[PDB]
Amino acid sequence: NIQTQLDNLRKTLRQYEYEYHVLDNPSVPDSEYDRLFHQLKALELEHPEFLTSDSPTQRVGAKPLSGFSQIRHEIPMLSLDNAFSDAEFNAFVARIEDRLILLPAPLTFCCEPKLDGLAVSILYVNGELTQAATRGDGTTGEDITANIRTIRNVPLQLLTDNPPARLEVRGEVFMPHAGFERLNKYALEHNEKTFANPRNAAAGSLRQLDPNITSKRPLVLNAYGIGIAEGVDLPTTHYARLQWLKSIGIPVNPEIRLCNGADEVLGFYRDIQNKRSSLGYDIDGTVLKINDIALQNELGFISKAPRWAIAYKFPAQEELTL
């Protein structure tokens, strides 16, 4: 029947979107994805009663919002403390060593690039994207659902036949250098406001009231974690949770690594610092996390921040000189 044919084309598109944006390993040429997007759109136009709200053709709201509504996160987020030196980082490891009851040998960290963008939270209900918000201050943010729906590597439907009852994906939205340079060039040509750096371009784009404008902004999500998680037994380490997010079609940064012990973690920090803008987008620092979730829970938090993670920040771009 027509409905099943429609759903088979949409499923095919969602698989190509996963391969291209999440796996970075497309199985078909762009031209095939393009023509299939056209074919789906033509069939939906012939049968509009079968349009679905999570179809690949439905990313872009037709009208601008009047303003952003405030959102209170259902589960507030911790704040993240910063380290700026190797001594600060080693002090943070030592506090863990001094607090854990049974200190494993080695102590594994999941180590991530800290994307220079805007932090966001995206809620999927029985697999469907239903709302998204800015992180804000970790307690209150703004509802940016219509903007987040435009982002090409953000799935509208999770890639699984058995999605959690509810899943909150937390991540950073950023704008790679090439897109950022195109945006600034377009803006100057039209005498519209430009952006001082990609971080501000990503933040300003996510506060664009008209999602037709936001769709033209080349934004990318990289997920860093999970809040609400109902009807799902999540893996017991953070890195396996990230691999699981990838498995269901959520984009995660490919430079994340497991590191054993303080010294390997500093190896990671120095390596990503060397790559802080050679990968085609800006990385602000690293977020270094105890990988084992039971150890995270044991370690807890103080003053709003986990004892089990630290952001070891690079020097600001303006400190980098001859």
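Position 1 is the first residue in the sequence shown; the rest follow in order.
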query: Per the entry, higher mean C-alpha B factor between 22-30 and 291-299; finding: 22-30
query: 246-254 or 79-87, whichever carries the higher mean Cα B-factor; finding: 79-87
query: Deposited CA B-factor, highest of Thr286, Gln39, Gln58, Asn274; finding: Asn274
query: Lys304 CA temperature factor, ranked by third within the chain; finding: highest
query: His190 - which third its CA temperature factor falls in, relative to the rest of the chain; finding: highest
query: CA B-factor placement of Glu44, once the chain's modelled residues are sorted into thirds; finding: middle
query: Third of the chain, ranked by Cα B-factor, where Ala94 sits; finding: highest
query: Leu107, C-alpha B-factor rank within chain (lowest, middle or highest third); finding: highest
